[PDB]
Every structure is written in structure tokens, then in C-alpha cells.
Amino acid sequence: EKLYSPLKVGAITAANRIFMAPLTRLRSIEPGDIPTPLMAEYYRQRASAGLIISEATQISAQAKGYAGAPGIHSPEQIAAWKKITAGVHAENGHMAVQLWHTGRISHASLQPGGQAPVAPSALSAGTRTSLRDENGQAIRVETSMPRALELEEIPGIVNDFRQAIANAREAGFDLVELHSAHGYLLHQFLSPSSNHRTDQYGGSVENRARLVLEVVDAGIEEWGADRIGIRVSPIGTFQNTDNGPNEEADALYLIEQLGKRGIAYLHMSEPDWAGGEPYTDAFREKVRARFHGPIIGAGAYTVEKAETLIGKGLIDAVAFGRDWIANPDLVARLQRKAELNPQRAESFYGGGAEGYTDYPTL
């Protein structure tokens, strides 16, 4: 089938089309938010994927919203990431980094100096984040009250993204994925429910899509379009945040803007039944007419759904998450039609090797 054929995603050529979606695991070394050698073994076992989009990596210390998430702003962090990308490349694999800014989804205890997290508006998130207790295990705590970002502070955010993209090329990554999704800073400014600003960065799709389109333009200049990809969640409710009443009209604007820049790929996170309506083939046809590059689909995907959409030319690859968590040889299991290992969800956040590198291969 086409799920096992090469695809040109940006400047690299993926071996297959069964990608590994970004999966936050909260296994970094604290203090410092430094990747660990155990994470290198984790990504090494799953190098069979055509493209490995790493866990959400903070662009700066202000972007730390989850205790245990890795960073790519410190020299000690870039050193560990260089060792991880080396192992993935040593197994004929391709790995990409997902740069994010947690924004309002954060806790003041993790922010530098105990300050309140930043956001487009001071509206709360309503969701919960993950911290660490005395024993180091993950605990669910409510998000702190965010602070409205000042217009003079927005160029500082764009610069930290460009600096993180620069460190990503230094860390040996093949591509970069920007977390414009799941109710995070770049999303917080894209959804009317999250951005009640009155400046040039709020109040209209153009004003609510400028910041993200800027970071995309910053990456295009620092590295190149072939190396910059974006994950978007334009339709549906993800992590207690919706996309306003004109989600479909505002989606086609940002997609057409990203389609005129020639970015590497477009990773669309699809909602389940609780979030919203599934992606209609009429809506997918509108997205493909504006974005002429590789489109990566994720969200309750099966091998049947992936093959059908790839044949229709609506998507070029599929990204699995929990299946890659529990099946390190997922590409082998899906081609041989074998059984998938059970997913132990209690070990998805925090802990050690249990639930991380203990899943056996075929």
C-alpha cells in the first residue's frame, strides 16, 4: 500500500508514511528541563517511523507549563538533544522537534520567579496541568491565573521561537513542528474565546493569525520553509478551548496563508466525537486546495481511514500517538497485521522506564 512508501516531507524523505505524533511524557531531568539518556533509548526504539515528531519542547523558560517537559533553550539541553537525534539517525530514522509555548496552560510554580503565566488575555484556561510531588511523580493541578501579554512583549516571544529553531538545527533535528494547537500560546491567540485583545494581535482572523504566521516567517528566514512545519487544531474543542463560532471560515484563512509560504508540512489534529464533528471530505477538499504540500492527519485514525484519504489525495501521511507509545515496532505490526501491545495509560505522564521503554517488540 501507500502507507509504506517514501514521502518527501520538506527537505527530508521519510521512509514510510506512518509517523509518530508528538507525545509529552514528562521524563526530563529537573532542575534544568534537560532530556535524559532514557529518552534517547525511547526515540531510538521507535525510529521505524518515517518522521518522529518529538515531545513538545519549550522554546524558553517562560514556556514551561508542565513539570518534566524538555527544553531547547539551554546549552545543556541542546547537548542532550544532539545525542537523541544521533541515535534516531543511526537507526535510519528521521526526527523532528515540536517547539511550543504553554502560555496560559501553566502554573506559577514552574514559571521563572513565581510570576504568573503569560497569555493574549487574562481569561483563565479552565484545564489542569502536570506538576511533580516530593517523590517526583506527576500530579494534576489547576492552571494558575495568566497575565495579559503586552504588545511590547510579543516580539520577544517571536524571537524566542526563532532562537529555538536555531538551536533545533544545532541539535541535529531534521525539521521543526510549531505547536499552534491544543489550546497553547499560538492557539490562545487564534481562538476568539482565548483572545479578547483589542490590538493588532486580536479581534480579527488576520490579527489573531499574525503571531503564528510571524513565527512561520521567522523560521522560513532562520532555516528555511522546507524545514518548518506547523500542527494546527482549527476544527474541534481541544483541552477545554474551542475555535469560536467561525472555526471553518477562520481555518481556511490560516491554511491559505501557510500554503502560500511553502512550509514543510501541515499537521492537522482531528477531534473525536466529544470535541466536534469529524472532518468532512468537503472540508478536506477545501484544505487541499489551499495547501499544496504534505498534510499529516492525526486523531482516532485507523489503517483503513489512512489509506482511503491518501488515495483521495487529501492527506499524505498519518500520525499515531498512543499506538507508538505501546508499540515500538508499530510499522512492523501494521504491515504484518499483528496484535498491538496493551496501552498502560497510568505511565503516560511521569515515572521512569516502566511504561516508557519496557514495551516489547515482535
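Throughout, we count residues from 1 along the sequence that is shown.
Looking at mean Cα B-factors across 149-157 and 133-141, the upper value is held by 133-141. As recorded in the PDB entry, 105-113 is the stretch of 183-191 and 105-113 with the greater mean C-alpha temperature factor. For the set 317, 49, 332, 56, the PDB entry assigns the largest Cα B-factor to 332. Within the selection 176, 289, 90, 218, the deposited Cα B-factor values reach their highest point at 289. Residue 22: CA B factor lies in the lowest third for its chain, per the PDB record. For residue 32, the recorded CA temperature factor ranks within the highest third of the chain's modelled residues. Ranked by C-alpha B-factor against the other modelled residues of its chain, residue 278 falls in the highest third. Among the modelled residues of the chain, residue 162 sits in the middle third by CA temperature factor in this PDB entry. For residue 228, the recorded CA temperature factor ranks within the lowest third of the chain's modelled residues.
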